[PDB]
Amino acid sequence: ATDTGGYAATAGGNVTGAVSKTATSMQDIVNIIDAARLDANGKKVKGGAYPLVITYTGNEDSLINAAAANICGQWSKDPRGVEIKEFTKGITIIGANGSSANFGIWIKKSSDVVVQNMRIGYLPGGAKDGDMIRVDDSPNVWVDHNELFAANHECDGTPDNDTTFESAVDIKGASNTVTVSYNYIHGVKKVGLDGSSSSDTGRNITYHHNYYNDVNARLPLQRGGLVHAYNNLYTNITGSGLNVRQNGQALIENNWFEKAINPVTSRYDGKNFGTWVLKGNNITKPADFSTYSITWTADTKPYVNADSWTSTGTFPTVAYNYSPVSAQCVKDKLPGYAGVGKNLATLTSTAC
């Protein structure tokens, strides 16, 4: 099946002729991918010779725990990450229950990639692009059921005072269709952008069933295109949530917002404000702000906040087939489906 509940339509490496391999470490993954590029005669095949399903059984809790104890010592270390560059035969990286990684996954110019059940946290190298997950010029990518975390904190003396830790899920370039679902993202200052600059506008991204807790900003920082955010649990947002920019369009439905500052806004450009269609969220009118502790702030440049909590534009017909649960149900149940070790469980109406 290729249904991801969002714009990405992929089965990753779970296709016909897929070869399954077990990675017990970061290096194993690197080696497995390199080998997957060679045909029967040892010659290299552009985009990969065969589809892969890599089960990662490694555990790096020691690194994570050491890092959690010395937060400000991470940014200056060398970044660590597996690069999945120009691999298009289809690939899935599934963490085994109990596995953990203190390294990221950087997807570049690939297609049909699925990253699931990975517990990634406290990555070193925030000053040198130490992203947890990066999707660059890569369409049909599905980031599902992962736990991405660090500390929602900025240490003193870091370059640009923004490099204590890098992003959880950055999407940029021609990553035309992407689905980010069932992830448990917590303790992350910059969750993820959708377009690296003002000129990097476009893409159709879906964020569904994610549980955000204690995050500062970018859920996402959207530049153009379309974003469909449904059934997400947004709690303890310390800066801003969905920042719809460069004329992007967003459909924000059936989500639960709580203890959030500027949950839906269009700021920092001073122009080309994006639009949003609000529906089915726990907040239905400004009266609810007080109830769910939703505060708003201004910006030094022209900006637009959804403080009137009204739709400011339109949204095209949602191409795919999805069945959202109610905002209340996500609030009640979501924490038990999002993240690692939930056996890729999905929240259905029957569970409400």
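Don't overthink the numbering: it's just position in the shown sequence, from 1.
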| property | result |
| --- | --- |
| 5-13 versus 327-335 - which carries the larger mean C-alpha B factor in the record | 327-335 |
| Which of 308-316 and 286-294 has higher mean CA B factor, as the PDB entry lists it | 286-294 |
| Residue selected from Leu251, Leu123, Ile91, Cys155 by maximal Cα B factor | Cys155 |
| Maximum C-alpha temperature factor, selected from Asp112, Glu166, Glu86, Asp200 | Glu86 |
| Lowest, middle or highest third - CA B-factor, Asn59 | middle |
| Chain thirds of CA B-factor: placement of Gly241 | lowest |
| Ranked C-alpha temperature factor of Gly195 among modelled chain residues, by third | lowest |
| Within-chain third of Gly73 by Cα B-factor, per the entry | highest |
| Entry-reported Cα temperature factor of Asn97, expressed as the chain third it lands in | highest |
